[PDB]
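Just one chain is shown here, as structure tokens, and it is the form deposited in one PDB entry.
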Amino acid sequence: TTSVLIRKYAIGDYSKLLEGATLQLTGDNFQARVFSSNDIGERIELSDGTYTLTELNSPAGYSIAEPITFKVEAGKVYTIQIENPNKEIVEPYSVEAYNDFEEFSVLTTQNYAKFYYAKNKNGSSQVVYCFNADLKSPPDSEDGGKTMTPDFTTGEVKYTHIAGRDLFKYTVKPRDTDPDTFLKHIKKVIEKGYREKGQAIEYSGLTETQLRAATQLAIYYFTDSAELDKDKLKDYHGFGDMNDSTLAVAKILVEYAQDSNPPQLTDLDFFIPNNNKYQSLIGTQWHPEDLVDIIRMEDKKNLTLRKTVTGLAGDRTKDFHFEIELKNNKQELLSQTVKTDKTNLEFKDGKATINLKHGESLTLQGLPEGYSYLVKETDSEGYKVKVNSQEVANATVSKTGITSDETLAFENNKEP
């Protein structure tokens, strides 16, 4: 068996698991079961196979998220076919991270003062960097990370340790638009930047702390679209105090990140705070030994067809038949169950047929952003077909990139 924890998160705020979603786990061949999402995730030991996580209902406010299919094979877990990117600690929001308030080292005239660390399982401290420029730094510590300043409202501010994959979504004002491109940029910055106390500094004349600042500002280039310009930085989070040298190294880190070479680092710890006011933190180290597979589901905050028969010679009890062809954002055909105001509809190779009599209607729900339809009424022979009052010789119409709901009102006229 393989341990998994199903965790339900809320898209865009990861400071707590979203409780109160009714989730059902169904598998191909054990017993299917229903449970409600909790604060730590539902722990299940699974034999090899393919399983489906469905949201039977979501908690007040949210939308039903897409069924997540996954596979447990040979002790490993996969999403659908790639490797489960969600590896997190068993007890969430249990990791201390801190800002070392007493450590002192200048950029030019002033303490850098952004000495962020996270505590590894073994009590050592890894250098980490803020991933959200406008959010709060980790809790001040006056004693090197033994005790921390709690938040006035939420108590201690502790973190969930996770594999730093899928980082795009934690950014506020990223520069990139493709997540993988974004991840590759972050890994590369960390790679060539400051990772370990005592490390050789390859850039002549720069102190450890100066490299650390260049590294942090390079992250902000990508996470918050910081500009790497002396004069535009005069008042940006203390970075006016960064000398020319250091800023030149920040541009080197960013230019490196930007080039086509692949990242030499396979993975990086990442840390999410249990208070959304606090910044998330990208690590410089990797501790896979502390992590288990999570099946993650994320909650967020329609096409209608109808038939009317007209004319005195129009039959009002004839099952008119439609052949609907649907493709997604990237022109792939949908091969999924699609719920409706009547019954479900299995789309095979993007297609399903439906029958409508005069004055009936069917409403396809949960169709994705930027979809496209091609709809034909196959058995029109004899009728003058009009769709939304437009004359269609071939009883077939199309539309691409539907950003809203849409209604196709077929009218069939058999006038004597």
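For every residue, the number given is its place in the sequence shown, counted from 1. Definition used throughout: the rigid core is the maximal C-alpha set that superposes within 1.5 Å between two forms. Only residues modelled in both forms are compared.
Novice: Quick one: classify how much of the deposited chain lacks coordinates between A313 and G314, choosing none, 1 to 3, 4 to 9, or 10 or more.
Specialist: Nothing is missing.
Novice: Please figure out whether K301 and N302 are truly consecutive in the deposited sequence or have unmodelled residues between them, and give none, 1 to 3, 4 to 9, or 10 or more.
Specialist: Going from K301 to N302, the model skips 4 to 9 residues of the deposited sequence.
Novice: Would you determine, from the values in the PDB entry, which of 316-324 and 239-247 has the greater average C-alpha temperature factor?
Specialist: If you average the C-alpha B-factors of 239-247 and of 316-324, the larger mean comes out for 316-324.
Novice: If you take the mean CA temperature factor per stretch, which one wins between 334-342 and 264-272?
Specialist: Mean C-alpha B-factor is greater for 334-342.
Novice: Between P288, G75, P138, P179, which carries the biggest CA temperature factor in the record?
Specialist: When the deposited C-alpha B-factors of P288, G75, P138, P179 are compared, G75 is largest.
Novice: Could you check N29, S58, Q390, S36 and tell me which one carries the biggest Cα B-factor in the deposited entry?
Specialist: So the option with the highest C-alpha B-factor is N29.
Novice: Considering only modelled residues of the same chain, in which third does the CA B-factor of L228 rank: lowest, middle or highest?
Specialist: Its C-alpha B-factor, which the entry lists for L228, ranks in the middle third among residues of this chain.
Novice: Could you say whether, by C-alpha temperature factor, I282 belongs to the lowest, middle or highest third of its chain?
Specialist: Answer is lowest: the recorded C-alpha B-factor places it there.
Novice: Among all modelled residues of this chain, ranked by Cα B factor, put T160 in the bottom, middle or top third, i.e. lowest, middle or highest.
Specialist: Lowest third of the chain for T160's C-alpha B-factor.
Novice: Split into thirds by Cα B-factor across the chain's modelled residues, where does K184 land: lowest, middle or highest?
Specialist: Middle third - that is where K184 ends up once the chain's C-alpha B-factors are sorted.
Novice: Within this chain, which third does the Cα B-factor at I402 fall in: lowest, middle or highest?
Specialist: CA B-factor rank for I402: highest third.
Quick note: we don't show the form deposited in another entry, though the next part is all about it.
Novice: Using a core superposition, identify the member of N243, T147, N120, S105 whose Cα displacement between this form and the one not shown reaches 2 Å or more.
Specialist: That would be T147.
Novice: For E156, does the CA position differ by 2 Å or more between this form and the one not shown when the superposition is done on the rigid core?
Specialist: Result for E156: yes, a 2 Å-plus shift.
Novice: Versus the form shown, are the CA atoms of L17 and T154 closer or farther apart in the other entry, given a shift of 3 angstroms or more?
Specialist: Between the C-alphas of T154 and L17, the gap widens in the other entry (3 Å or more compared with this form).
Novice: Would you mind telling me if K119 and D151 are closer or farther apart in the other entry than in the shown form, C-alpha to C-alpha, with a 3 Å or larger change?
Specialist: It is closer: in the other entry, the C-alpha atoms of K119 and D151 lie at least 3 Å nearer than they do here.
Novice: Mind listing the moving segments between this form and the one not shown, meaning three or more residues in a row, each Cα shifted 2 angstroms or more, core aligned?
Specialist: Core-superposed, the single displaced stretch is 146-156.
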